[PDB]
Amino acid sequence: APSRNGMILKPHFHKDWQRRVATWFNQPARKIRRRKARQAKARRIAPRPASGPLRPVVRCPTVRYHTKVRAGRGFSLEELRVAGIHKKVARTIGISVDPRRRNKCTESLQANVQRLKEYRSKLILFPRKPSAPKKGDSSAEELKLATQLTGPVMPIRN
Amino acid sequence: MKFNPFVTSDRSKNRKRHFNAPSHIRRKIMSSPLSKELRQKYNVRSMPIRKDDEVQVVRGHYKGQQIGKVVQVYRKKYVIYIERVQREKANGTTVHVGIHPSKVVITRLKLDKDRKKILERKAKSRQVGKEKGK
Amino acid sequence: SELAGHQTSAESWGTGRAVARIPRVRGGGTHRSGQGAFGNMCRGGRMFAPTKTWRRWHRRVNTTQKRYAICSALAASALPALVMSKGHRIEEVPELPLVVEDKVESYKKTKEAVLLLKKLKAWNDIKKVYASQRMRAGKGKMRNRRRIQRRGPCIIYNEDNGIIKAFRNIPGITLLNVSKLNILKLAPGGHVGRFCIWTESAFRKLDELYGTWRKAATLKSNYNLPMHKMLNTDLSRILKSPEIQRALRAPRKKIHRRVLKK
RNA sequence: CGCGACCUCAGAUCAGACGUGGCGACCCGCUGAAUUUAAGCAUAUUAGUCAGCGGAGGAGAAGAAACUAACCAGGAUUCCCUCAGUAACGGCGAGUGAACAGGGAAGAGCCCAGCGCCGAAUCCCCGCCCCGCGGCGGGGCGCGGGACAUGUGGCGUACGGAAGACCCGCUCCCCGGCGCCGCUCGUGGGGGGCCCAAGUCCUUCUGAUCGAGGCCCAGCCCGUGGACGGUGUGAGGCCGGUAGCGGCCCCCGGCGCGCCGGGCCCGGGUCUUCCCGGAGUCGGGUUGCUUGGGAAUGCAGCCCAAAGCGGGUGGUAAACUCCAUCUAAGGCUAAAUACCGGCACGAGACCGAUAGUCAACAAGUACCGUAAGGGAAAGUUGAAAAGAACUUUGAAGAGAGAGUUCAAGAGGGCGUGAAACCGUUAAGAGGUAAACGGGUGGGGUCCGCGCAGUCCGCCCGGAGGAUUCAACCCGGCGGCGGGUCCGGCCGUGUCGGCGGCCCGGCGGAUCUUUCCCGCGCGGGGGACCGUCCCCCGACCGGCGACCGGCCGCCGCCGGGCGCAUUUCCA
RNA sequence: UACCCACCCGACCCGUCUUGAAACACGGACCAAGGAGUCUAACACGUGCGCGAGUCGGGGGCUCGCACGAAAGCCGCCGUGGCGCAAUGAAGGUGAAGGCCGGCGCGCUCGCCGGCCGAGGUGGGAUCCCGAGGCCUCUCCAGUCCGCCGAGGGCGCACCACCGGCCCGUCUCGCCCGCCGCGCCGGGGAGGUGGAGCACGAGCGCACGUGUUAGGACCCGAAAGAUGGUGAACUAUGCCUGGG
RNA sequence: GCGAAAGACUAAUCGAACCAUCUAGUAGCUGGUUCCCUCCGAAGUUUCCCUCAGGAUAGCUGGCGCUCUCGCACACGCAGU
RNA sequence: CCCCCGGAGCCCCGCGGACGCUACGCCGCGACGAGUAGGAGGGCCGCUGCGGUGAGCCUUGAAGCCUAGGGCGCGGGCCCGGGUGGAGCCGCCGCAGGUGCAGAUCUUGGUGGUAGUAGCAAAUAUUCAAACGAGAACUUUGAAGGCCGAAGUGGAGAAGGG
RNA sequence: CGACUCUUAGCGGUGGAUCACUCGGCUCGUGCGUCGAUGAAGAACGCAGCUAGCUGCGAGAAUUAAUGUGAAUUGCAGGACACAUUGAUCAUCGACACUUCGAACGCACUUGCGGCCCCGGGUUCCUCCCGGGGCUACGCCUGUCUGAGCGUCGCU
Ligand SMILES: [Mg+2]
Ligand SMILES: [Mg+2]
Ligand SMILES: [Mg+2]
Ligand SMILES: [Mg+2]
Ligand SMILES: [Mg+2]
Ligand SMILES: [Mg+2]
Ligand SMILES: [Mg+2]
Ligand SMILES: [Mg+2]
Ligand SMILES: [Mg+2]
Ligand SMILES: [Mg+2]
Ligand SMILES: [Mg+2]
Ligand SMILES: [Mg+2]
Ligand SMILES: [Mg+2]
Ligand SMILES: [Mg+2]
Ligand SMILES: [Mg+2]
Ligand SMILES: [Mg+2]
Ligand SMILES: [Mg+2]
Ligand SMILES: [Mg+2]
Ligand SMILES: [Mg+2]
Ligand SMILES: [Mg+2]
Ligand SMILES: [Mg+2]
Ligand SMILES: [Mg+2]
Ligand SMILES: [Mg+2]
Ligand SMILES: [Mg+2]
Ligand SMILES: [Mg+2]
Ligand SMILES: [Mg+2]
Ligand SMILES: [Mg+2]
Ligand SMILES: [Mg+2]
Ligand SMILES: [Mg+2]
Ligand SMILES: [Mg+2]
Ligand SMILES: [Mg+2]
Ligand SMILES: [Mg+2]
Ligand SMILES: [Mg+2]
Ligand SMILES: [Mg+2]
Ligand SMILES: [Mg+2]
Ligand SMILES: [Mg+2]
Ligand SMILES: [Mg+2]
Ligand SMILES: [Mg+2]
Ligand SMILES: [Mg+2]
Ligand SMILES: [Mg+2]
Ligand SMILES: [Mg+2]
Ligand SMILES: [Mg+2]
Ligand SMILES: [Mg+2]
Ligand SMILES: [Mg+2]
Ligand SMILES: [Mg+2]
Ligand SMILES: [Mg+2]
Ligand SMILES: [Mg+2]
């Protein structure tokens, strides 16, 4: 029974809500279950970017988010045979590989190739064995670091 | 303040851990201090009371200075009986009166193979921590 | 429970058997037969509107609101009138914004922490706290809230270098890190002005923690102290300055008892 | 009229395995209402919900695009915030009602068939030995079987692949054991066992205290321990415990080196020759349920029923027409995600015996119903039974004495012991039922008194008796206020120093890439402005923000003052 | 004042629905304990507080085994996003400025070029400012200080009434256009009218109150409907087998 | 279901069993709705409604305010006249 | 000259201000006070719990209960006196509610008046003596009178009971 | 002062309120995430020196061995034990054991009937008979054996 100038108020409680109410008293304890995992995973893969593998630079689709730039799903294939990184190997050196990205432009290609050239340079490959062959960076730049990169590796700043 | 979670500190929960406590546990709970003389010689503060230890009553109506020997241990009634600790019933038939070990002092332990390794490992533990803090 | 007094299967045979029209328990050869269930009135039954779990338990405050609740909390930790008026037994303390050396961060035996609170003449607060021990009044006894006492002096420290181990046994003492201040412990009970004992390292950071007046916080993102609705908070001096006194109508204090009409 | 292959198909208490049932909070298939709402009601709504039924797991399902989009484009699934109560649906009413993008949690990708290549390169079960045996396996040896040519294994699967040619660069992992070395985060991984500070000190209460004063700093001691429980009250110290990178002993977990047994000749980039995709499916017609999906979102049944520059999608049917974007008809997959069942725990601004679960107890018990089902009531002696010996009356139940107790005015359904109601004692009343409101009077129980209640407090006057000062100076201490702002410290407004400016930083789409580092961009320096800090000088608010001297006054202490003073008392 | 008693006056038994209850209207023997406007969400206005053209708050994140912690603190996350900062049209879409002056197109109430001012005006308007004149002051006059009264005169907030103006939709009518294109192209004008509009802002968040709803919804109350189940030991028949 | 038929009977139940659930079904209709004091204080009329035991809107009511006025020798405004 | 209150001596004192000034305190004037439904305000009105605080109270006696005991408040209620009772409890400043009962043919439990009343009336029937026993109309034995009258109140079974 | 009645109070009953307790709930977190044809969940019947119920157990039955633990158990008995001893008791539990139903399994539900193997008595397999042990359910897989078919053939 309306009275004197309210709104129309279609509220959705006709169905049965009391049964399927989800209260959030887990909320602060879930903050902690995740925090241990986040930590226990970083201590498990000790020298490694804690954030995870490297993701590519990428533009947001619709015209309202035109001008932003994101961290994409994985570096594309067309990108990779420009920097000269085999597609199956990159999965093993912390490079997200997305075999599903149609490259339409050279602008976003080179901009995104640069991160892969940049990754190589500041990448330290612990060699396969202690006494191991080429492409494993020397022992000088092996003692220098055990540093997990807290936070995203090379964060994409708009 | 207690810190360790996985301990209770709950008014009714460890009242329940008491009067449902099995006989194996109830030994440690029915422990009574040792007299100043022994407490010097062994470096042991307290002991589970035994069947034939000697004892002085310290509190209660007939606290005194006479040294009786324990007779039995009502671990179910959770209280001990002593030597001349006794009252006269209506028919003259005397009964013992229970005494809680916490309200009694041991004056001469009844030694054993079992009891000695207890007194050693109690003392060795007491001076291990004093060496750890040192 | 969602099932309080709601697992009975009572029908309310009614209106012609002279009894009540209340849902009464079916059949049986017990007492609980023709009794009355699903009623707030009746034995068994349920309550009115069973307390449900999704009551809005938790509350909210604006960020700046609960920041500026700490400024007024701290500013009143000075001003011994406000402090003593909370019954914090500060009569021998050498100065009210009591600063201590940063040796205190490294004490590791309650003996030293007890010795410090004597030389600063802060014992008397724990002394008071020591005397306020007793049993709570109500049914709170049989729910793990048995004993109660006053609050003691709070101690603030910039780094836990062992100090919280020292001042841990002394009752009433709470430890508050500077970078993590807490209205619920600086101003217990929504009253203002509790005793605080700052260490030197923490006393420096305070202006860099949340700001002086003509400078940013530089540890919080964007925050500065609140301004004043008025500066000269005293008006006894305002009201007898020559500026005000000069421009005043002269008083009227010849209280005119009413005249009886003859 | 025989014997022999194979194809179909039987029988075995044949050799070896495996399935059923239970639980059911969460999960996955299907089935599927009506109360209700619309103020009637049939569409709608309740609601793809309850019940029904099937099936699982420690999570399930989903999942590697026949996607989203229209952008300078994104990139498996699941969850959270958001989109948004919005696009749409609807007797366009009641009501219903998504997604995309963006942020975040997490983040992992992969296999077949086919087309082909390879001497079936394969797999299973037997029998002997070698190791291993409480998740039955590896190693070898056998004309010991059998499956398989109606198709097993290796490469390979669309992100391309194979095969070739030549371009470049040089080769450890896997598993079965056998050991051994570091016990490997709650700050020694999981579990078990046993262990680790300090008063029963003085006095005093009391039935008994764990209480009240006291005790070398809130008293003694300990305090990395002051949580809790026990104990004849209210205990850090009496007892268990508590804290503690505290100790010790087993077991289990998991990771690290060695030995052995076996498996494995496994790359990377360039040019050419071919090689390709899942049919009674897609799609269309139609009918029914479903979504919000509309000239049909999804699902079905029936009918029709494909294609190979094809097919699907591109959210109003249709033709023509261009673009975009995927690759269906086959399969596997951890992580965030859910848990009113179960094991094991922890906590609470919760309830406190008609409350809290039906259940604090022999409770899903007693009991009812043929049965499906229904389903209670009921906690407390004391601290210790010390639970009333004995004498006596009585057939006995019950008493009277006695005794135990701090208490039986705590006696076995016994703490406290209310009201209704009843019993008797005391007092007062009583023909208009009682009760009641206003007003007094009479009587009572007590209560205040008085064995005068004459209530006190100043000041003063008088008469008695007693101690020391006030008044005054002198010594000391301590204040107050004052101004000379006098000397110094302090801060407000202003000015000067351009002095901190780089020995002050932070901020800024300010400016320079003359710079530096890294790859036009990023980082760093240098220029600029706004802001915050040093030197000194001046004016002024000289501000409770002080310090020192000088002064004036006060007070206290100590001296001096001995009595027309100054106090006390009556 | 409260216990008992006495008297004089007054005086019908409460709850309830009701035009009307002491009612020959209904509930009520008595006494104990229990017992009824709750929570959530969504609006709305009022009020308090923080910040203010912004302001958050959530989810995340960074910090603990919580004792107090499942707290507090912090984060270009702080704006991804919501709400606000802008409307109006069904939609393609457009989108809040005028005034003035001078100069130039014929000032043509039309089009263009340089300068000034910038949210227009009228009437009330709390009201501040300016104030003629007074009113004394122990003398006659002189005269600077201090206020009181103060006719009259000015700025004029907030708000109200009105007239103007601008944005968008629609209409009418009419003019000149610009030209990367050609005008079934786009662009401007005058007058009226539709609008939840602008016309130098007031929101956001957090509390609390009141009210209205959706919720079991202030408590108790149907006759029913639906889904699954259990019954022929009574009784209704049929059958089988016995007995009278 | 069963009925030589009365809507009979179906475990004290029959014009449609009993049990549990959906379920706290719905009620414009009865009944109840818990401490004091202080201030203000109604309606039973209007139009519309499958409206006539109910609502919607009018009034009448209260609360909250605000804008001013000037009894501060110096008032405009209103009105059951 | 016509002087200074650290003193004019004060009915005005402007040099310093109440006892009074919890500044949401205190005070002086007037006016006015019916009330259902309803609204609003105030409640040192009350109930339970939490954060504070009361150097609160407490085995020299807390809660509750009981009181022809002394009183305060318009009242909600409150304070004291005694008594019994045997372990905890309240005041103030804030926060939170499952917060106040006469009533609902209310729920559960308890208890009255009715009332020592209705009632212990279907099938004809008992009596004497003894025994036992604390105790006999009612048991047991004896004696007498009687009924059931073999389609039984007699002698055996089924189902059911256990 | 007769009795009755009423009011009030003192005490006494009746009744169980209030109050104070609480080995119980409720709620919210956390870790784990554990059934069964080698016979589950559930049900029946048994089992203590004196034992009905709850609980604990399964003819080895108020427990068995084992390992920690280290002197009780208790209502009363009664006891072994040597408390210098697996050592009383409790906890753990990893050795062993598991009556009858129950998916329940030879066929049936009366508790009745069988079959097939074995080993005791009987027999001297002589068949019963008596006693004891192992099998005998449905569905399905792989393999194995014995087969059937005017199914396709081949050889004859
Ligand atoms: Mg991440
Ligand atoms: Mg209940
Ligand atoms: Mg199953
Ligand atoms: Mg309806
Ligand atoms: Mg209706
Ligand atoms: Mg209807
Ligand atoms: Mg319908
Ligand atoms: Mg539906
Ligand atoms: Mg279901
Ligand atoms: Mg799966
Ligand atoms: Mg799958
Ligand atoms: Mg997606
Ligand atoms: Mg919105
Ligand atoms: Mg729907
Ligand atoms: Mg092949
Ligand atoms: Mg100890
Ligand atoms: Mg203690
Ligand atoms: Mg205690
Ligand atoms: Mg399809
Ligand atoms: Mg539908
Ligand atoms: Mg279209
Ligand atoms: Mg697929
Ligand atoms: Mg009870
Ligand atoms: Mg009770
Ligand atoms: Mg109960
Ligand atoms: Mg009781
Ligand atoms: Mg009781
Ligand atoms: Mg007593
Ligand atoms: Mg008692
Ligand atoms: Mg009693
Ligand atoms: Mg009398
Ligand atoms: Mg009438
Ligand atoms: Mg009448
Ligand atoms: Mg009626
Ligand atoms: Mg119907
Ligand atoms: Mg009516
Ligand atoms: Mg009134
Ligand atoms: Mg209480
Ligand atoms: Mg007691
Ligand atoms: Mg409550
Ligand atoms: Mg009540
Ligand atoms: Mg006859
Ligand atoms: Mg017979
Ligand atoms: Mg009486
Ligand atoms: Mg009584
Ligand atoms: Mg009871
Ligand atoms: Mg054949």
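Note that each Cβ is placed from the backbone with ideal geometry, even for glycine, and that neighbours are counted across all protein chains shown. FYI, it's all coordinate maths here, none of it is from the lab.
Please report, in debye to the nearest 20, how large the charge dipole of chain A is about its Cα centre when each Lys and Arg carries +1 at its beta carbon and each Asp and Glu carries -1 there. Before the final figure, lay out the partial values.
Working: 40 positive and 9 negative charges, 137 e Å.
With only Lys, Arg, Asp and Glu charged at Cβ, the dipole is about 660 debye.
From the convex hull of the Cα coordinates of the range A:1-40, what is the mean projected area in square nanometres?
Numbers: hull surface 22.2 nm².
Its Cα hull, projected and averaged over all orientations, spans 5.6 nm².
When the Karplus curve 6.51 cos²θ - 1.76 cosθ + 1.60 is applied with θ = phi - 60°, which whole-Hz ³J(HN,Hα) does each residue of the range C:18-29 get, with x for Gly and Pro?
6, 10, 8, 6, 9, x, 10, 6, 6, x, x, x
Can you work out ³J(HN,Hα) from phi for every residue in the range C:151-165, in order, using Karplus 6.51 cos²θ - 1.76 cosθ + 1.60 and θ = phi - 60°, giving whole Hz and x for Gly and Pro?
Here the 3J(HN,Hα) series is 9, x, x, 7, 10, 10, 8, 8, 8, 6, 9, x, 5, 5, 6 Hz.
When each pair of different Cα atoms in the range C:1-86 is counted once in the 1/r mean, what is the Kirkwood radius in angstroms, to one decimal? It would help to have the intermediate numbers written out before the result.
On the way: mean 1/r = 0.0555 Å⁻¹.
Radius from the Kirkwood sum: 18.0 Å.
Which of A:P49, A:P11, A:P61 moves most in a GNM of chain A, Cα contacts under 10 Å?
A:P11
If I fit a long axis through the Cα atoms of helix A:107-121 and take the longest principal axis of the Cα atoms of chain A, what angle between them do I get, 0 to 90°, rounded to 10?
It works out to around 60 degrees.
Name the residue from A:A1, C:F195, A:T106 whose Cα lies farthest towards the positive end of the charge dipole of the protein assembly as shown, charges +1 on Cβ of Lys and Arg and -1 on Cβ of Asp and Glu.
Result: A:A1, furthest along the dipole toward the positive end.
Once each part is reduced to its C-alpha centroid, what is the distance from the range B:36-76 to the range C:193-262 in angstrom?
70 Å
Among C:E11, C:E95, C:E105, which one shows the biggest mean-square fluctuation in a GNM of chain C, springs joining Cα atoms closer than 10 Å?
C:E11
Sequence-distant or interchain residues sharing an amide H contact under 5 Å with B:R108, placed H: which?
When sequence neighbours closer than 5 places are left aside, the close amide H contacts are B:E54.
How large is ³J(HN,Hα) for each residue in the range A:83-100, as worked out from phi by the Karplus curve 6.51 cos²θ - 1.76 cosθ + 1.60 (θ = phi - 60°), to whole Hz, x for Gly and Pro?
7, x, 10, 4, 5, 7, 6, 4, 4, 9, 10, x, 10, 4, 10, 10, x, 8
To the nearest 20 Debye, how big is the dipole of the protein assembly as shown about its Cα centre, given +1 on the beta carbon of each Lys and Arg and -1 on that of each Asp and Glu? Don't skip to the answer; put the middle values down first.
Details: 135 positive and 37 negative charges, 380 e Å.
Approximately 1820 debye in magnitude.
Let me check against my output: what whole-number percent is the relative contact order of chain C, with C-alpha pairs under 8 Å and at least 6 apart?
Details: 347 pairs, mean separation 39.0, N = 262.
Contact order relative to length: 15 percent.
Would you mind checking the tilt of helix A:27-44 against the longest principal axis of the Cα atoms of chain A, expressed as 0 to 90 degrees and rounded to 10?
Computed tilt is about 10 degrees.
Could you work out which residue, out of C:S132, C:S241, C:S179, moves most in a Gaussian network model of chain C, that is, has the largest mean-square fluctuation with Cα springs under 10 Å?
C:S241
Give me B:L111, C:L79, C:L260, C:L116 sorted ascending by neighbouring Cβ count inside 10 Å, so fewest comes first.
Working: B:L111 10, C:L79 14, C:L260 5, C:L116 20.
Lowest count first: C:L260, B:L111, C:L79, C:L116.
If N is the number of residues in chain B, what value comes out of its Cα radius of gyration divided by 2.2 N^0.38 Å?
On the way: Rg = 17.3 Å, N = 134, 2.2 N^0.38 = 14.1 Å.
Taking N as the residue count of chain B, the ratio is 1.23.
Report the rotationally averaged projected area of the protein assembly as shown based on its alpha-carbon convex hull, in square nanometres. Let's see the in-between values first.
Working: hull surface 261.9 nm².
Over every viewing direction, the Cα hull of the protein assembly as shown projects on average to 65.5 nm².
Projected area of chain C, taken from the Cα convex hull and averaged over every viewing direction, in nm²?
Numbers: hull surface 135.5 nm².
Result: a mean projected hull area of 33.9 nm².
For the protein assembly as shown, what is the calculated [θ] at 222 nm in deg cm²/dmol (nearest 500), taking -39500 (n - 2.57) for each run of four or more DSSP H residues and dividing by its residue count? Each step should come with its number before you reach the end.
Numbers: 17 runs with 147 residues, N = 554.
Computed mean residue ellipticity for the protein assembly as shown: -7500 deg cm²/dmol.
Please report, in whole Å³, the volume per residue of the convex hull around the C-alpha atoms of chain A.
Values: hull volume 38.0 nm³, N = 158.
Looking at chain A, the number lands at 241 Å³ per residue.
Counting alpha carbon pairs within less than 8 Å and at least 6 residues apart, what relative contact order, in whole percent, applies to chain A?
On the way: 143 pairs, mean separation 41.1, N = 158.
Relative contact order comes out at 26 percent.
Report the label-to-label distance for B:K51 and B:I29 in nanometres (one decimal), using points 7 Å from each Cα along the Cα→Cβ vector.
2.2 nm
Using the alpha-carbon atoms, what tilt in degrees (0 to 90, nearest 10) does helix B:113-133 show relative to the longest principal axis of chain B?
Around 40 degrees separate the two axes.
What is the fewest-to-most order of C:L235, A:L125, C:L82 by other Cβ atoms lying within 10 Å of their Cβ? List each step's numbers first, then the result.
Working: C:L235 10, A:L125 13, C:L82 17.
The order, fewest Cβ neighbours first, is C:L235, A:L125, C:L82.
By counting other Cβ atoms within 10 Å of each Cβ, how are A:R38, A:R101 ranked from fewest to most?
Lowest count first: A:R38, A:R101.
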